[PDB]
Amino acid sequence: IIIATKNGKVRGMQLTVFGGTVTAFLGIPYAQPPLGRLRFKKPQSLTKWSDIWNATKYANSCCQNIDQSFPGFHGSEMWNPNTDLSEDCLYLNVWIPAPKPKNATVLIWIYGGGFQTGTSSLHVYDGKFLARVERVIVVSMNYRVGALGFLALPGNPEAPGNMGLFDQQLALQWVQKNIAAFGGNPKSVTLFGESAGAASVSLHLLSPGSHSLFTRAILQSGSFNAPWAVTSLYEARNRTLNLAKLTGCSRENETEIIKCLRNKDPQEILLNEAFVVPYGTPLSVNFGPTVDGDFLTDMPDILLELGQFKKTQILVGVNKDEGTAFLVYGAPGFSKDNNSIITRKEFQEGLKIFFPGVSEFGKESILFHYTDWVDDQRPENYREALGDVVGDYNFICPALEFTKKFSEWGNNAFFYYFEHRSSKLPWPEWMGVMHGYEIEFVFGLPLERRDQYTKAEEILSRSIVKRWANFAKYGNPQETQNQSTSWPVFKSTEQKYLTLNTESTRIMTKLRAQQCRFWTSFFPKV
Ligand SMILES: *[C@@H]1O[C@H](CO[C@@H]2O[C@@H](C)[C@@H](O)[C@@H](O)[C@@H]2O)[C@@H](O[C@@H]2O[C@H](CO)[C@@H](O)[C@H](O)[C@H]2NC(C)=O)[C@H](O)[C@H]1NC(C)=O
Ligand SMILES: *[C@@H]1O[C@H](CO[C@@H]2O[C@@H](C)[C@@H](O)[C@@H](O)[C@@H]2O)[C@@H](O[C@@H]2O[C@H](CO)[C@@H](O)[C@H](O)[C@H]2NC(C)=O)[C@H](O)[C@H]1NC(C)=O
Ligand SMILES: N[C@@H](Cc1c[nH]c2ccccc12)C(=O)NCCCCCCNc1c2c(nc3cc(Cl)ccc13)CCCC2
Ligand SMILES: *[C@@H]1O[C@H](CO[C@@H]2O[C@@H](C)[C@@H](O)[C@@H](O)[C@@H]2O)[C@@H](O)[C@H](O)[C@H]1NC(C)=O
Ligand SMILES: *[C@@H]1O[C@H](CO)[C@@H](O)[C@H](O)[C@H]1NC(C)=O
Ligand SMILES: *[C@@H]1O[C@H](CO)[C@@H](O)[C@H](O)[C@H]1NC(C)=O
Ligand SMILES: *[C@@H]1O[C@H](CO)[C@@H](O)[C@H](O)[C@H]1NC(C)=O
Ligand SMILES: [Cl-]
């Protein structure tokens, strides 16, 4: 129950899972608290301690704005932080099988949340099930979000940008130096993440300082070429300056802006983040990754196109209705509490909410490519088109594009399409297979019989869990024992992908082919 690390001893705690035992180490620090002079700077390495750190409960989540649109609604609040917010939040968690494994493959989770929110503490990121069932070691970390994590005055080490990514990297570094003490193999480390976590995983494939800190990668509903993933260095500074004026810290010694922003309280920074953007959307990434010349040496589009990334296997996928969840956070005529049958004029208004700085012609082009109905009568037409618009543009087509381009340099890639609508979900049915609702299947929660889950859902989760583990351990996400559909390699030409559902696993080709030719070739030019 006590492990000696390079910076001191840590005491864990024991969990009973499925008649077995998992050892959990919740809240190990991996950096100096980024307080005081350290706010906005890269994470600094931890100086030794001499006691026994008690890693027996989740640590503080990092400071962040909370979604307040559906108070008391679990569909919404399952995503909000479940620990104290604090700037003192650079901690990670380790779940190891009991008894201690000998050379276990390691999975490192990176949460999403638009780079503005999120925490490793969430119920759906609980790694105890993967530890128990597949005898892998699961690690997850908190990393700074919002402006405290990604404020950028480029070149300036007081606010260089990408701090949250450097938090993640330092945690990967911690696993390299320390996980062998826990029974893990530092040579078999698979990163996985969802949404902005998935976009983070992809940027680690680009970043030269992460090359040697992991083996393989899994990207769930996200990647760095998504339109929200990378902030330009011009608008990044425009946003840093708008934050400065909004807080009274406008100086012209740029370093004096930072010192001034450092004497503010977290809440004062958090409440002005929303207004640095001229027009925002429910997908807005106010403060996110930038080309800082340190973590990220060039525009990631160019690195992807010219083959400049870690050469390894990737596992990539998306959900059937990525876009629906965002419609109820602003689109007119939409509500989780009715069937959201919108009219043509409502759809048009929705495009302005989701594509605010886009030309009238650009929005006509979206409407023209998504409103040629097979049947003109059905009243769902517009409601469904706007969901597909937001999901294809923001998630599915970037994920596909990334996989094509990545596979063209010779590495095995596997693509999935998650289309299971969970039996007992609190969101209405019209929202479908929503963004983030594969995560619980990946983490094995449906394996807990004890629950809301059907038997079909238990079997689906058990299969996904085996596929993810085989991918981590062996680079190949097959389930070999139960006469399962083989998962073909995804290649630039044939573009095969595997569907994930409770009924029929199927091999299909060329997901969203018509829609993504629009988003990937026509729409970037408007
Ligand atoms: C860059 O920033 C300027 C200024 O941002 C404004 O002030 C901030 C404190 C904050 O409150 C923002 O929401 C404000 O917009 C932007 O210029 C403004 O543009 C909007 C309309 O596009 C409008 O508020 C004003 O006409 C402008 N204000 C000023 C002082 O010029 C600008 O659009 C931002 N983007 C770019 C690309 O430069
Ligand atoms: C679906 O619901 C929305 C609004 O939700 C509820 O109704 C409101 C009257 C209010 O009590 C909210 O707190 C509820 O959550 C409907 O959108 C509204 O439609 C009418 C149009 O005359 C009007 O009240 C508002 O302009 C609309 N609100 C918006 C656009 O945000 C919508 O009509 C409902 N759809 C169906 C099919 O019933
Ligand atoms: N400025 C953005 C920043 C942001 C916050 N969370 C985001 C998630 C994706 C993209 C961006 C964001 C913003 O605050 N938008 C307000 C609405 C975003 C949804 C809140 C976050 N919670 C969810 C999250 C996920 N799925 C959700 C699905 C549903 Cl149905 C409802 C909420 C989900 C999956 C990843 C983590 C957050
Ligand atoms: C660290 O933990 C030591 C042992 O605590 C044990 O585990 C917790 C979960 C409780 O069940 C406790 O009763 C157990 O004895 C403590 O003795 C020690 O004081 C702790 N150290 C600090 C700094 O808190
Ligand atoms: C763990 O596996 C690696 C190769 O993957 C090997 O080099 C290392 O010595 C192993 N360590 C053990 C078995 O303790
Ligand atoms: C003010 O700016 C100069 C550069 O012009 C910089 O060297 C100096 O450190 C700044 N002042 C303080 C107090 O840091
Ligand atoms: C394979 O099938 C058995 C039942 O025949 C089931 O109990 C087991 O969990 C399945 N394994 C996987 C990895 O799906
Ligand atoms: Cl909880």
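Every number for a ligand or one of its atoms is a count from 1 in the order of the listing. All heavy atoms count here, side chains included; hydrogens, waters and symmetry mates do not. Residues: numbered from 1 along the sequence shown.
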>> Please report whether the ring centroid of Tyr111 lies less than 6.0 Å from that of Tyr143.
In response: yes
>> Looking only at distances, can you tell me whether any N or O atom of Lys102, backbone or side chain, sits closer than 3.5 Å to an N or O atom of ligand 5?
In response: no
> Considering only protein heavy atoms, which is closest to atom 12 (C) of ligand 5, and at what distance to one decimal place?
Replying inline: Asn103 ND2, 3.3 Å
>> Using a 4.0 Å cut-off to any heavy atom of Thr255, which atoms of ligand 6 qualify?
In response: 10 (C), 14 (O)
>> With the threshold set strictly below 4.0 angstrom, can you tell me whether any protein non-hydrogen atom sits that near atom 9 (O) of ligand 5?
In response: no
>> Can you pull out every ring-ring contact (aromatic ring centres under 6.0 Å, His included) where at least one residue sits in residues 153-189? Sequence neighbours excluded, please.
In response: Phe25-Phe182, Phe166-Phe295, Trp174-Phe182
> Looking at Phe309, is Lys311 sitting on its ring face, NZ or CZ under 6.0 Å from the six-membered ring centre and within 45 degrees of the normal?
Replying inline: yes
> Are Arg421 and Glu457 close enough for a salt bridge, meaning some N to O gap below 4.0 Å?
Replying inline: no
> Is it true that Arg462 lies under 4.0 Å from ligand 7, counting heavy atoms only?
Replying inline: yes
> Which residue owns the protein heavy atom closest to atom 13 (C) of ligand 6, what's the atom, and how far is it?
Replying inline: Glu256 OE1, 3.9 Å
>> Under 3.5 Å between any N/O of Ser463 and any N/O of ligand 7: does that happen in this structure?
In response: no
> Counting heavy atoms only, which part of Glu479 comes closer than 4.0 Å to ligand 7: side chain, backbone, both or neither?
Replying inline: side chain
> For atom 4 (C) of ligand 6, is the nearest protein heavy atom closer than 4.0 Å?
Replying inline: no
>> If I apply the N/O under 3.5 Å rule, does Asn253 come out as touching ligand 6?
In response: yes
> Quick one: do the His204 and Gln169 side chains pair a donor with an acceptor below 3.5 Å?
Replying inline: no
> Would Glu438 and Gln220 count as having a side-chain donor-acceptor pair, cut-off 3.5 Å?
Replying inline: yes
>> Between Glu235 and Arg239, does the salt bridge (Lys or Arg N to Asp or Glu O under 4.0 Å) criterion hold? Intermediate values first, please.
In response: CA-CA 6 Å; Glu235 73 204 338; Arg239 291 170 194 194; 3.5 Å; yes
